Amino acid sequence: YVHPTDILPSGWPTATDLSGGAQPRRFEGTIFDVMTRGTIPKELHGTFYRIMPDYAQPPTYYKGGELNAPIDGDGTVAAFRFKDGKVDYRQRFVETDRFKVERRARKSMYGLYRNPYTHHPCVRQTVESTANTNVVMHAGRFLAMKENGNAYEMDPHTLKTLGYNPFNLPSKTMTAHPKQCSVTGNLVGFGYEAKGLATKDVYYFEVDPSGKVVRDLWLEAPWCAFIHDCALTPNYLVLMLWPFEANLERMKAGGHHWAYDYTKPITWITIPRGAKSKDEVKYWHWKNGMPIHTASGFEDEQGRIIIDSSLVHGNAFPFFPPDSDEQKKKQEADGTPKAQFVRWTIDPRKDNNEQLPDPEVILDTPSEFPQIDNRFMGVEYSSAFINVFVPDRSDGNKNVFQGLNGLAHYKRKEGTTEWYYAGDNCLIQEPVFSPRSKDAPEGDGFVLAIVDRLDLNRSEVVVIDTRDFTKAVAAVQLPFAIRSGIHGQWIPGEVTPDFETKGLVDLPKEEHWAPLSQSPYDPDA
């Protein structure tokens, strides 16, 4: 059986997200009082903000959109607000310069990921960010982020776009991975390609709790590398260089911004916090591989930098292949690479010209999207909440982003791992943590994540109490599916302006439309 209407032609290209899911969603709006199962913890007081790629227009501009990447599509924010056991939902597109152009034209006008040479001539000198990667609340300002531009600011309640570059950063770019220091309250980050397309320049910054840049430095990367993520320690910002190189000539020729390079080692840039000179910066190297995301970093008793990350032993983004024919064949040969969770040791006192020691295998399982207890951000931490391929319960032939069917709670101090299984015909997305109370022990509280109910065509928010990591306490049940996203964040009420007075949904007026006389009911009848 084939449905007769199903053979009617579509104009849409295949627009994947990171999961490999290819269904456009693109809805903007609200559900008041989202259906829940079980008991929503009363301790939840805040918003789960999630961001997703969801091409608003069919991306047909360049090569009919055949080379669209899962990381490409227009940023849409989903908000799940938890107040007094009740859940509200809002979804809205980031009103990026790109989004607004495409909507107004009813037409795709942008080409390849980070390639202005493949955009429509009229839009080449625009901010080309889809603001689709990560969110942050800092100094009462809510930001949607993507590494190829400054953030766009959004209202935390309506999700209305308010402007571009709220902190007025001098770089062309800002990381989608800044870290909120638990010591200073500073927004610590960077922007690479800080001076334009294929530039080696890196700008480091620290934005204080009052929204002022208090520390900065202009530096360079050893090559124009893909510096997606970083680690924050007491004394350092540690940049993590993926083995991809940008090439302006290739871009001009209508090739991809990035090419994977087997000859490049995993490289780290150590930046002393509040460094007075670029002379203080050191480059460290290991071997070829792709460490996608950090859990976090710290300094041990010996003063050594300790960073946990995912590690893929090859290209986790095969849609950005190598330049050379030889290297292309290597990618094909690698297939689905080995994927682990690993521990790095960078001793800042050692010779940085000497190759770093091999990382320690922490989990011999495909691992992605780690988060921590952010009360321990930029200090010694123990808890990691990791998006996992569940041992003996998962594929493993899948690309690292495409088989994530569980959660792991790792504790360094205890040396224990606990496992949550998403369900049969289910995927689960990045976990976020909310502490039981302000003074609760590290990693004691609630874990939230988006579950794709694949055979149901619905998305859910699972709620797990850390006292029993194997079991859900609650589910937030959407009537539909949303896109499989990238990052999300737990944002507490206390850091959100006007959380006490504003919901996700604007309340209707109190006053009745109808006069008293219009009632069917008479109290005398």
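When you see a residue number, it is the position in the sequence shown, counting from 1.
- As recorded in the PDB entry, 396-404 is the stretch of 396-404 and 174-182 with the greater mean C-alpha temperature factor.
- Relative to one another, 144-152 and 347-355 have unequal mean CA B-factors, and 347-355 is the one with the higher figure.
- Among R114, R98, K83, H138, the highest C-alpha B-factor recorded in the PDB entry belongs to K83.
- Of the candidates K338, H257, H228, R90, the deposited coordinates give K338 the top C-alpha B factor.
- Ranked within its chain, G29 lands in the lowest third, by CA B factor from the PDB record.
- The entry lists a Cα temperature factor for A194 that places it in the middle third of the chain's modelled residues.
- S484: CA B factor in the middle third of modelled residues in this chain (values from the PDB entry).
- Remark: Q429 belongs to the lowest third of its chain, ranked by C-alpha B-factor as recorded.
- The PDB entry assigns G415 a C-alpha temperature factor belonging to the highest third of its chain's modelled residues.
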